[PDB]
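Below you'll find only one chain, the form deposited in one PDB entry, shown as structure tokens.
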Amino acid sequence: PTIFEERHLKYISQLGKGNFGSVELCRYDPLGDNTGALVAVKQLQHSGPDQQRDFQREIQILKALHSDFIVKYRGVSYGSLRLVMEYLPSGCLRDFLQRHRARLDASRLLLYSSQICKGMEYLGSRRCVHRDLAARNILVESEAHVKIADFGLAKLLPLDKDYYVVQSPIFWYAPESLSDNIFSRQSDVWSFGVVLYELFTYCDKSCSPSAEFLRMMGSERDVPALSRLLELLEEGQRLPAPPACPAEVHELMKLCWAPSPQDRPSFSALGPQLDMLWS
């Protein structure tokens, strides 16, 4: 049931690509008659020992997570460890928002925000820091239902600590991650703020997190991009209000980007502030 035999995975195509892996559309087809279910299967690429041990942790985390707003674990395949997950054909929210922009109103973006916030509230209850929350890592189950995916960089908080010192794009990172490699549930709140930005810009590439920040951080100097972003964030620079973003939603974004981790709201606090907008 939870064990998928390698030789019955029929490879269709590649869904998405990570730094140390890919997610492939496969049909698990034991009967050989093409009646089997389509599934999304992660395998490692360009992998050394460190990424292998990370993958073993990631499988166990995903396996232990049970939420309507978190992508479902199906099983694993050995032979060559592979992680089998539910296939959501509508794909990722990043592509979905660009594709269906003309039909997706503010109220629907708020639905997605609220569901992501719930998933993130659930993650915090399991003491799990996602570390790579972004629109590219949210999947569409239906028009009115999204789920958090990609637990490849996810860390369980130690039982006696609410932070972890430990690479995704720097433009979703909290200042304390940028500066001291510190990650926490409130580091995820910083990222969620950027996700809210993505939603309300419909993931338009002309005003993406990187496009906005890259423009702020000058042409070039003998200074790395990381230091210059940290400098701007310490000067109080933030992503702007998206075109036609509701005032109140932009204000929630700014609360997610409070300099101090303890001054950012909890997902539990954010949830009702998202749901009660416009009611």
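In this text, rigid core is short for the largest set of C-alphas that superpose within 1.5 Å between two forms. Counting begins at 1, following the sequence as shown.
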For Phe20, does the count of other compared entries lacking it reach at least a third? yes
Unmodelled in at least a third of other entries of this protein, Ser80: yes
For the stretch from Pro89 to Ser90, please bin the deposited residues that the model skips: none, 1 to 3, 4 to 9, or 10 or more. none
Please classify the unmodelled stretch of the deposited sequence between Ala102 and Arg103: none, 1 to 3, 4 to 9, or 10 or more residues. none
Could you settle it for me: does 175-183 or 121-129 have the higher average Cα B factor in the PDB entry? 175-183
Going by the mean C-alpha B-factor recorded in the entry, which is higher: 237-245 or 61-69? 237-245
For the listed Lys205, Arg82, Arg94, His145, which has the peak Cα B-factor recorded in the PDB entry? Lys205
Sorting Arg228, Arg53, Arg27, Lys42 by Cα temperature factor from the record, which one lands on top? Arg228
B-factor third for the C-alpha atom of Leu214 within its chain: highest
The third of the chain into which the C-alpha temperature factor of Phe20 falls is the highest
Could you look up the Cα B-factor of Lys161 in the entry and say which third of the chain it sits in: lowest, middle or highest? highest
Quick check for you: using the entry's CA B-factors within this chain, is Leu110 in the lowest, middle or highest third? middle
Modelled-residue ranking by C-alpha temperature factor, third containing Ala37: middle
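We do not show the form deposited in another entry, though everything after this point is about it.
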Would you say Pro243 moves its Cα by 2 Å or more between the shown form and the other one, aligning on the core? no
Would you say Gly18 moves between the shown form and the other one, meaning its CA shifts by 2 Å or more once the core is fitted? yes
CA of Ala64, rigid core aligned, shift of 2 Å or more between the shown form and the other one: no
